[PDB]
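Peer 1: Structure below; questions to follow.
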Amino acid sequence: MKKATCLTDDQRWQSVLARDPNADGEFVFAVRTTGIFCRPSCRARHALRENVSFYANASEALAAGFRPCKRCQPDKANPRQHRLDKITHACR
Ligand SMILES: [Zn+2]
C-alpha cells in the first residue's frame, strides 16, 4: 500500500534523541555504560547510542535482567551533597 514494516533504527533512536514517544509510544532502551534500561526520555546526562539496546516492551529488557527506569531515576556522585559544574574555582 504505502509502507511495508517499521522504517529504521534511526527513526527509533531519533525518537530517543528528541524527548516525547515519536514512533513506538512504549519502546525501551538499554545503555550498558550507566547500567540502565529505561523508556525514551532519560534527560540527566545520558550515555550515547554506542552501547545502547532497544525493545518494544520493558518485560524483555527485564527478561534480560537490567535496571527498570519509569521515573528518569537521577544519580551523580551524591547530587544533593557535592556538585562543581566546572573546574574554574581558586579565589572569591
Ligand atoms: Zn529514564
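Going through the C-alpha cells in order, the chains are called A, B, and so on, while each chain numbers its residues from 1 and the ligands are numbered from 1 in the order shown.
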Ligand 1: which residues are within 8 Å, counting only C-alpha atoms and all ligand atoms, as a PDB file with N, CA and C atoms, in the first residue's frame?
Peer 2:
```
ATOM      1  N   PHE A  37      18.183   0.261  31.899  1.00  0.00           N
ATOM      2  CA  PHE A  37      17.234   0.008  30.799  1.00  0.00           C
ATOM      3  C   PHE A  37      15.984   0.816  31.055  1.00  0.00           C
ATOM      4  N   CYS A  38      15.673   1.982  30.205  1.00  0.00           N
ATOM      5  CA  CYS A  38      14.598   2.923  30.554  1.00  0.00           C
ATOM      6  C   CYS A  38      13.825   3.333  29.328  1.00  0.00           C
ATOM      7  N   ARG A  39      12.505   3.963  29.551  1.00  0.00           N
ATOM      8  CA  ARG A  39      11.724   4.494  28.421  1.00  0.00           C
ATOM      9  C   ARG A  39      12.337   5.794  27.955  1.00  0.00           C
ATOM     10  N   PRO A  40      12.366   6.027  26.499  1.00  0.00           N
ATOM     11  CA  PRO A  40      12.956   7.198  25.713  1.00  0.00           C
ATOM     12  C   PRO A  40      13.424   8.487  26.329  1.00  0.00           C
ATOM     13  N   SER A  41      12.724   9.119  27.466  1.00  0.00           N
ATOM     14  CA  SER A  41      13.042  10.467  27.930  1.00  0.00           C
ATOM     15  C   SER A  41      13.947  10.594  29.128  1.00  0.00           C
ATOM     16  N   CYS A  42      15.158   9.727  29.211  1.00  0.00           N
ATOM     17  CA  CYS A  42      16.158   9.939  30.256  1.00  0.00           C
ATOM     18  C   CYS A  42      16.938  11.217  29.955  1.00  0.00           C
ATOM     19  N   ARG A  43      16.583  12.411  30.755  1.00  0.00           N
ATOM     20  CA  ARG A  43      17.090  13.750  30.475  1.00  0.00           C
ATOM     21  C   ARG A  43      18.480  13.967  31.025  1.00  0.00           C
ATOM     22  N   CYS A  69      13.934   1.889  34.514  1.00  0.00           N
ATOM     23  CA  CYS A  69      13.569   3.271  34.777  1.00  0.00           C
ATOM     24  C   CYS A  69      12.292   3.690  34.082  1.00  0.00           C
ATOM     25  N   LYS A  70      11.154   4.024  34.985  1.00  0.00           N
ATOM     26  CA  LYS A  70       9.908   4.631  34.545  1.00  0.00           C
ATOM     27  C   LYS A  70       9.687   5.954  35.259  1.00  0.00           C
ATOM     28  N   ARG A  71      10.916   6.637  35.723  1.00  0.00           N
ATOM     29  CA  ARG A  71      10.906   7.834  36.560  1.00  0.00           C
ATOM     30  C   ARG A  71      12.221   8.577  36.437  1.00  0.00           C
ATOM     31  N   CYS A  72      12.802   8.662  35.074  1.00  0.00           N
ATOM     32  CA  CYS A  72      14.142   9.150  34.691  1.00  0.00           C
ATOM     33  C   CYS A  72      14.933   9.422  35.945  1.00  0.00           C
ATOM     34  N   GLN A  73      14.963   8.171  36.810  1.00  0.00           N
ATOM     35  CA  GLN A  73      15.784   7.968  38.001  1.00  0.00           C
ATOM     36  C   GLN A  73      17.187   8.484  37.880  1.00  0.00           C
TER      37      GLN A  73
END
```
Peer 1: Just asking: which residues within range 25-76 of chain A are strand (DSSP E or B) according to DSSP, as a ChimeraX atom specification?
Peer 2: /A:28-31,36-38,52-55,68-69
Peer 1: Write out the residues from the selection above, keeping N, CA and C atoms, as an mmCIF file, in the first residue's frame.
Peer 2:
```
data_model
loop_
_atom_site.group_PDB
_atom_site.id
_atom_site.type_symbol
_atom_site.label_atom_id
_atom_site.label_comp_id
_atom_site.auth_asym_id
_atom_site.auth_seq_id
_atom_site.Cartn_x
_atom_site.Cartn_y
_atom_site.Cartn_z
ATOM 1 N N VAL A 28 11.702 0.492 24.722
ATOM 2 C CA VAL A 28 12.615 0.658 25.866
ATOM 3 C C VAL A 28 14.045 0.574 25.395
ATOM 4 N N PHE A 29 15.097 1.284 26.152
ATOM 5 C CA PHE A 29 16.470 1.393 25.658
ATOM 6 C C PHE A 29 17.455 1.103 26.765
ATOM 7 N N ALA A 30 18.556 0.171 26.442
ATOM 8 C CA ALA A 30 19.477 -0.321 27.463
ATOM 9 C C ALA A 30 20.896 0.088 27.145
ATOM 10 N N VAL A 31 21.415 1.267 27.869
ATOM 11 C CA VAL A 31 22.815 1.678 27.768
ATOM 12 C C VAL A 31 23.636 1.025 28.853
ATOM 13 N N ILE A 36 21.577 1.144 32.888
ATOM 14 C CA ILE A 36 20.152 1.437 32.976
ATOM 15 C C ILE A 36 19.407 1.069 31.716
ATOM 16 N N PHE A 37 18.183 0.261 31.899
ATOM 17 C CA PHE A 37 17.234 0.008 30.799
ATOM 18 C C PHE A 37 15.984 0.816 31.055
ATOM 19 N N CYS A 38 15.673 1.982 30.205
ATOM 20 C CA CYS A 38 14.598 2.923 30.554
ATOM 21 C C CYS A 38 13.825 3.333 29.328
ATOM 22 N N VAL A 52 23.995 0.924 23.299
ATOM 23 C CA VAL A 52 22.600 1.012 23.718
ATOM 24 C C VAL A 52 21.782 -0.075 23.074
ATOM 25 N N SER A 53 20.709 -0.742 23.837
ATOM 26 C CA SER A 53 19.934 -1.851 23.276
ATOM 27 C C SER A 53 18.449 -1.604 23.386
ATOM 28 N N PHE A 54 17.675 -1.669 22.124
ATOM 29 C CA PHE A 54 16.270 -1.274 22.067
ATOM 30 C C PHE A 54 15.340 -2.464 22.053
ATOM 31 N N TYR A 55 14.013 -2.253 22.670
ATOM 32 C CA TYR A 55 12.968 -3.283 22.704
ATOM 33 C C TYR A 55 11.604 -2.657 22.545
ATOM 34 N N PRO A 68 15.195 -1.240 35.434
ATOM 35 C CA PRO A 68 13.851 -0.626 35.046
ATOM 36 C C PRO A 68 13.639 0.806 35.483
ATOM 37 N N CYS A 69 13.934 1.889 34.514
ATOM 38 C CA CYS A 69 13.569 3.271 34.777
ATOM 39 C C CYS A 69 12.292 3.690 34.082
#
```
Peer 1: According to DSSP computed on the backbone, where in chain A is there alpha helix (DSSP H)? Give the residues as JSON, numbers by chain.
Peer 2: {"A": [9, 10, 11, 12, 13, 14, 15, 16, 17, 18, 58, 59, 60, 61, 62, 63, 64]}
Peer 1: So that I can check the surroundings of residue 17 in chain A, please list as a CSV table (one decimal) with N, CA and C atoms, in the first residue's frame every protein, DNA and RNA residue that reaches within 12 Å of it, counting only C-alpha atoms and ignoring chain neighbours fewer than 3 positions away.
Peer 2:
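selection.csv was written with the following content:
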```
chain,number,residue,atom,x,y,z
A,10,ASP,N,17.1,4.4,12.9
A,10,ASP,CA,17.4,5.8,13.1
A,10,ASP,C,16.2,6.6,13.5
A,11,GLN,N,14.9,6.2,13.0
A,11,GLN,CA,13.6,6.8,13.4
A,11,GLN,C,13.4,6.4,14.9
A,12,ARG,N,13.6,5.0,15.3
A,12,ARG,CA,13.6,4.5,16.6
A,12,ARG,C,14.3,5.5,17.6
A,13,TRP,N,15.8,5.4,17.4
A,13,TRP,CA,16.7,6.1,18.4
A,13,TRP,C,16.5,7.6,18.3
A,14,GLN,N,16.1,8.2,17.0
A,14,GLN,CA,15.8,9.6,16.9
A,14,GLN,C,14.6,9.9,17.8
A,20,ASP,N,9.5,13.3,23.8
A,20,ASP,CA,8.3,12.5,23.8
A,20,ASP,C,8.3,11.4,22.8
A,21,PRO,N,7.5,10.2,23.1
A,21,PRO,CA,7.3,9.0,22.1
A,21,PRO,C,6.9,9.3,20.7
A,22,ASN,N,7.9,9.3,19.7
A,22,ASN,CA,7.7,9.8,18.3
A,22,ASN,C,7.1,8.7,17.5
A,29,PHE,N,15.1,1.3,26.2
A,29,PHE,CA,16.5,1.4,25.7
A,29,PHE,C,17.5,1.1,26.8
A,40,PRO,N,12.4,6.0,26.5
A,40,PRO,CA,13.0,7.2,25.7
A,40,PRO,C,13.4,8.5,26.3
A,41,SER,N,12.7,9.1,27.5
A,41,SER,CA,13.0,10.5,27.9
A,41,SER,C,13.9,10.6,29.1
A,42,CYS,N,15.2,9.7,29.2
A,42,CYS,CA,16.2,9.9,30.3
A,42,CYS,C,16.9,11.2,30.0
A,43,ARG,N,16.6,12.4,30.8
A,43,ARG,CA,17.1,13.8,30.5
A,43,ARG,C,18.5,14.0,31.0
A,46,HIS,N,22.8,11.6,29.7
A,46,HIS,CA,22.6,10.2,29.4
A,46,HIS,C,23.7,9.7,28.4
A,47,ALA,N,24.3,8.4,28.7
A,47,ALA,CA,25.2,7.8,27.7
A,47,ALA,C,24.7,7.8,26.3
A,48,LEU,N,25.7,7.4,25.3
A,48,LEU,CA,25.4,7.6,23.9
A,48,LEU,C,24.5,6.4,23.3
A,49,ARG,N,24.3,6.4,21.9
A,49,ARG,CA,23.7,5.3,21.2
A,49,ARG,C,24.7,4.2,20.8
```
